[PDB]
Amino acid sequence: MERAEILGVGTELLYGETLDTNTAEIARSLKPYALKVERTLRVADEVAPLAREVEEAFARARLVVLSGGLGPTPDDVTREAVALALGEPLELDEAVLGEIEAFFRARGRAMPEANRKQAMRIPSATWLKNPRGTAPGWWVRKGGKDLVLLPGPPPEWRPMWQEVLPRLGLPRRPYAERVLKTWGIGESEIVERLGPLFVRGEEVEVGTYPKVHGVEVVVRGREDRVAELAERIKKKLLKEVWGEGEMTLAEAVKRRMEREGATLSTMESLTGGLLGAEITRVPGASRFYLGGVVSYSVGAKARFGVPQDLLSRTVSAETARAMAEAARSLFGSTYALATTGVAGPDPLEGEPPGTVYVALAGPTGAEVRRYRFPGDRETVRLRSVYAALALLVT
């Protein structure tokens, strides 16, 4: 098995000022291909060391993938280092320069001189278009080997990588991963519910991964084994599984609302807006989500329809019900969600951080669910958002 080598470029990655997730994500994407990943590197933004590491990775590898340092600044040296490592001159491509200039023109700016180096390439490179930023990537095919340069930000490189990857002509191997997403059941109860299905052979293996949106059950390995094992696991957890793969609670809610021709609105306290944020993260949200209130003060709560009598007891089922009913009446939506409780770090009304009520008001009345969540302030806010969503799709 030939090697894939994967280098994250950036001094800030060495120190973990940002944690390098790119090399790992790229390693994971390579699992359906018959390439060995023996190591990954993070490399400082310095031309001579980077060139040395690139030259060495390329010598030993079928595929070398770099991310980062394609920007316009003196700390962005990946293109100069790669051209040094491959023994090729960097050449300005006028057409790409024109494209960057147009990108700045559209935004009402003249292109600064520093951007020019983003349009440089070596003879062996073809361009990988980047509609999400100013630095296009490179794909170098040379001597039967591939070297791919990607911009550092994941929102920019992910769809570039996704497109180039099948074009590389890499040898395949039958791998698959199936992600089964559950809610309201702990790791232990899942293991025990599965029993012999909880396989950990080298052909195929099952794992449990607790997340803020519930425990994932992940099946990975040889594609045939994954498909069959995942089917059987899915049956054992049929009541707990709310979606798979790319499905999210926010998208499942969207599917339900569009199936019913229904609308949704929200009123939030401790989640601060994060619930409306999560609903609207999914394209098409405006077809059903009418909007929401962030009632983060007594005055706002009263103004938008929560009864005076409840205002001094916010950590309660009665409050979560009244807020969902207030939202529904204010927006006239088919359904409304509410969140109230203690995020942390301080207790509130004698209740510890993590004490949360979420409520759903619909045509047939209201329901409330109480949780006691583990985690710091941000984690409790997150789990509260997924718990309110779960009211509609679990």
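Residue numbers here begin at 1 and follow the sequence given.
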Quiz item: Between 66-74 and 327-335, which has the larger average Cα B-factor in the PDB entry?
Solution: 66-74
Quiz item: Taking the recorded C-alpha temperature factors, which stretch has the higher mean, 368-376 or 381-389?
Solution: 368-376
Exercise. Tell me, please, which of 112, 299, 214, 307 has the highest C-alpha B factor according to the deposited entry?
Key: 112
Quiz item: Reading the B-factor column of the entry, which of 318, 251, 177, 278 has the highest value at its C-alpha atom?
Solution: 177
Practice problem: Could you look up the Cα B-factor of residue 341 in the entry and say which third of the chain it sits in: lowest, middle or highest? | Solution: middle
Quiz item: With respect to C-alpha B-factor, does residue 39 fall in the lowest, middle or highest third of the chain as deposited?
Solution: middle
Quiz item: In terms of the chain's CA B-factor thirds, is residue 134 lowest, middle or highest?
Solution: highest
Quiz prompt | Chain-wide C-alpha B factor ranking for residue 18, given as lowest, middle or highest third | solution = highest
Quiz prompt | Entry-reported Cα temperature factor of residue 225, expressed as the chain third it lands in | solution = highest
